[PDB]
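One chain follows as structure tokens, the form deposited in one PDB entry.
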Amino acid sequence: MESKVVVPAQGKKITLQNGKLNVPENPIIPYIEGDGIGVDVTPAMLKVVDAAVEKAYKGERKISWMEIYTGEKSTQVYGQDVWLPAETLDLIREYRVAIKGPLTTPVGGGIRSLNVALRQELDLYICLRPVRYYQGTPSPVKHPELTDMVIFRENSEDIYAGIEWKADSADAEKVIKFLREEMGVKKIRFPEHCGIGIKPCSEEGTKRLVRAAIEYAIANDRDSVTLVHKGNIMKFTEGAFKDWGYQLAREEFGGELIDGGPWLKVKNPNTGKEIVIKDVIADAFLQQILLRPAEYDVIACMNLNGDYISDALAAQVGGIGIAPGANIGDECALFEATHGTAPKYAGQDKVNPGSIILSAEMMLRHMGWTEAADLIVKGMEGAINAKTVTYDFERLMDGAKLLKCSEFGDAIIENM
């Protein structure tokens, strides 16, 4: 019905032309609080960003936060069963740059993921997750400092599309019949009481993702792009991802064979560095990141694999309490921590706000406000090195001081 969103009177809208953002001194930034621990981490992110912006520009610049709604809080604002109001999608696109806390997705039934809904409806086809080591962060591995990677996760297709039917349903039986009788499929071991999902992977979806990964490698003078896939078992989806990725590198970036292949080199047109384009089968890759972390840099992979890789890598540098991300499309960008709503901690002021804070760091950098972004990095490193940290770091360390979520936010500010 009537919108409950309040456009800030003091703010102005970020604009986009020529693919370049025009960010005013007083930009309006929509944010979603998030379900569960969103109630803890979001207020910490708001105060930390505001402090970094104030310290960097001395009042010349200020973000006008505009709360928008999705998830539990939306049902309370807009009414029962309003989980994702249309205006939320419209406002994120209109305002160009936004940030969200995590959203709860029920298992085995219930609503489809609102996080996926946002990514899909806004065509935010890049899930960008940098994973790097902050000095002083406790880690289960001996050399966390060797992990410095950037995940480019395809964000619009794969088994994530949400195409599936429940076992014993008329639809599942309908699909199973089609597959067996019309497609001559014989490899369904138990066609009765059988759930069915569909996994699509397209040339266009692949290439736009890999193109972004390669451009990022060029823009940031990175060393390599590794295509991760399970293309021996899934030849026509994951295997195609690998083939299209290599093809894209050759056709658009001049990739050439390294010593007869199969890897390619792409010459960085800005620095002259030869960027290696390579690939690793996904299961083997989960060992490679632990046993040979220094050999990997930019990672390009499909939706599901990227999901797994995000948590696995984050764990090497302290866990998903320190794992930022962004969902990026051609028209807008929605910043977002890797982690979920961790309901068991929700409202305890306990979890690590580092992830959403570092997602705001990416947002600020995205906005060209690099000085403010630098202060967040500085404050984060300062607080961790001072061993004043949240429970997830404290349990992996001797002699640390346990801080609440809110207190760790203050610690970051104190270290700016």
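Quick note: we count residues from 1 along the sequence shown, nothing fancier.
- For the segment pair 179-187 and 324-332, the entry gives 179-187 the higher mean B-factor, averaged over Cα atoms.
- Set 164-172 against 233-241 and average the Cα temperature factors; 164-172 ends up higher.
- Out of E256, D158, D123, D279, the entry records its largest CA B-factor for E256.
- Of the candidates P262, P130, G306, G101, it is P262 whose Cα B-factor is highest according to the PDB record.
- Among the modelled residues of the chain, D50 sits in the lowest third by CA temperature factor in this PDB entry.
- Among the modelled residues of its chain, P43 has a C-alpha B-factor that falls in the middle third according to the deposited record.
- The deposited CA B-factor of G59 belongs to the middle third of values across its chain.
- When the modelled residues of the chain are ordered by their C-alpha B factor, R208 lands in the lowest third.
- When all modelled residues of the chain are sorted by CA temperature factor, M1 is found within the highest third.
Not pictured, yet referred to below: the form deposited in another entry.
- Of the candidates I214, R222, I320, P30, only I320 lies at a hinge (point where C-alphas switch from fitting one rigid part better to fitting the other better) between this form and the one not shown.
- With a change of no less than 3 Å, the CA-CA distance between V298 and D374 is smaller in the other entry than in the form shown.
- Between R365 and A219, the C-alpha separation shrinks by 3 Å or more in the other entry, relative to the conformation displayed.
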